[PDB]
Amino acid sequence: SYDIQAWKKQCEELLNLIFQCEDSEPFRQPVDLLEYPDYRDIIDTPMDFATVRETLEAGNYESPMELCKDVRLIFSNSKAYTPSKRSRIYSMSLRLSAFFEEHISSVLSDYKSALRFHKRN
């Protein structure tokens, strides 16, 4: 399964699954500051799933590793902004992270394999 380009549609499909998860709703658009006035005092680099999908569709990811770094920033931002590890929204982030990691592992493996096969000679 040595298609170097296959990761892109596999990531589009996984983002569609994430958008169907009720657990994604807080992460689907950039945070608003009128409701969370201290956000940018805590979080240096905001990230959300609409920004990830737009970056993919623009052709501005070169690999699934880059997409994975931005998705993991969504989750690290939630863990750093949360006032409690028992937060509703943080709790939603941890379920969504487990789902994402379960599904991204084969996408990363297949891409890295494809690149090694390309450079086999």
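Rigid core (definition): largest C-alpha set, two forms, superposition within 1.5 Å. One rule holds for the numbers: they count along the sequence shown, beginning at 1.
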request  = May I ask which stretch, 78-86 or 54-62, sits farther from the shown form in 8 other deposited structures of this protein once every structure is superposed on the core, judging by RMS CA distance?
outcome  = 78-86
ask   = Fit on the core, then compare CA atoms: does 31-39 or 63-71 lie farther from this form in 8 other deposited structures of this protein?
value = 31-39
task = Going by the average Cα B-factor in the PDB entry, point out whether 76-84 or 37-45 comes out higher.
result = 37-45
ask   = So 94-102 or 13-21, which one's hotter by mean CA B-factor in the entry?
value = 13-21
message = Split into thirds by Cα B-factor across the chain's modelled residues, where does residue 31 land: lowest, middle or highest?
response = highest
remark   = Here the Cα B-factor of residue 7, set against its chain, lands in the third termed lowest
